[PDB]
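Only one chain is shown below, in structure tokens, and it's the form deposited in one PDB entry.
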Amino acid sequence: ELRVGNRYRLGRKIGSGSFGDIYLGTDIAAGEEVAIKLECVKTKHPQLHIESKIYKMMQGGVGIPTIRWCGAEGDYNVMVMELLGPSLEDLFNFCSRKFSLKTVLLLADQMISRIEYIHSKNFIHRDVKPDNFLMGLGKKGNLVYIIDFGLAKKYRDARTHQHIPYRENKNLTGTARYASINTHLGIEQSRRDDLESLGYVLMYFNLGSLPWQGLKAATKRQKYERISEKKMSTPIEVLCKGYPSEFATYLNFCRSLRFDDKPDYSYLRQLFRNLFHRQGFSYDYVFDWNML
């Protein structure tokens, strides 16, 4: 009975709910399933209107969801996107918090491509985490999508491509678990940083958890300090021990990139492609969740 934008029937909450609650929806016209993000019109720091423009700039790219509608419904700012499947965090949990090397490699390939595509559209994501990557539905079931441009920001001019300046004393924009070491140091995020976080995501998939996860502290501030310290005292070689050398090569390459350097995305994809080949995995999309 409730119809957002006089078109999308509101269904079950999938939520929830910091910066916005997410609801299931159905288009009255097409019959297509949608996802509806709701944001309170009274919040201290608005984001939904800014995020919608970013999404529009990204339109037409592979693994970029299409924004169907923007509106205002009661005391809420409303955004409508095509419905996507479970996130990599949902699937990770569903697979008992361990992925096989084949799955990690299949995911790594598309994830590097999504980050590269955002970078081609003059933005850095700044919140690269498994929760922000979603599988498509039906025939797009094997496609990895990137979402959430809430912390995204321009790294270069749209017209000239002049990179933003180097700056320190920056606040932690994003999740502490996947933040780059340079982000912990208060350094201005750039392209390298999105890929460094990606490397921690892949290692998290490999290990089941990172060495800086589950650290017990007395305050939020004390916990970030513990993560920051743990992450800096953990060398790439210790973190990646017992895993193929490619994960260390990927991480060291990311940390060795200069602030304004254009990353060699092709090389990074090829590292994992070559490993995939050497491992003798079959060239299909039979992920771990398809074997349970």
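The first residue of the sequence shown is number 1, and the count goes up from there. Rigid core (definition): largest C-alpha set, two forms, superposition within 1.5 Å.
What follows is about the form solved in complex with a partner chain, which we do not show.
A heavy atom within 4.5 Å of the partner chain in the bound PDB entry is found for exactly one of 173, 110, 182, 122: 173. Contact with the partner chain in the bound PDB entry, judged by any heavy atom within 4.5 Å, is made by just one of 227, 254, 240, 58: 227. Contact with the partner chain, judged by heavy atoms within 4.5 Å in the bound PDB entry, is confined among 114 to 122, 193 to 201, 218 to 226, 154 to 162 to 218 to 226. Shown alone here, residue 102 lies farther than 4.5 Å from the partner chain in the bound PDB entry, counting heavy atoms only. Although the partner is absent here, residue 18 is a contact residue: one of its heavy atoms lies within 4.5 angstroms of the partner chain in the bound PDB entry. The partner chain in the bound PDB entry comes within 4.5 Å of no heavy atom belonging to residue 145. Proximity of residue 178 to the partner chain in the bound PDB entry: non-hydrogen atoms within 4.5 Å are present.
Looking at 232, 28, 238, 62 after a core superposition between this form and the one not shown, you find that only 28 has a C-alpha shift of 2 Å or more.
Superposed on the core, the two forms barely differ at residue 273: its CA moves less than 2 Å between this form and the one not shown. The Cα position of residue 258 differs by less than 2 Å between this form and the one not shown after fitting on the rigid core.
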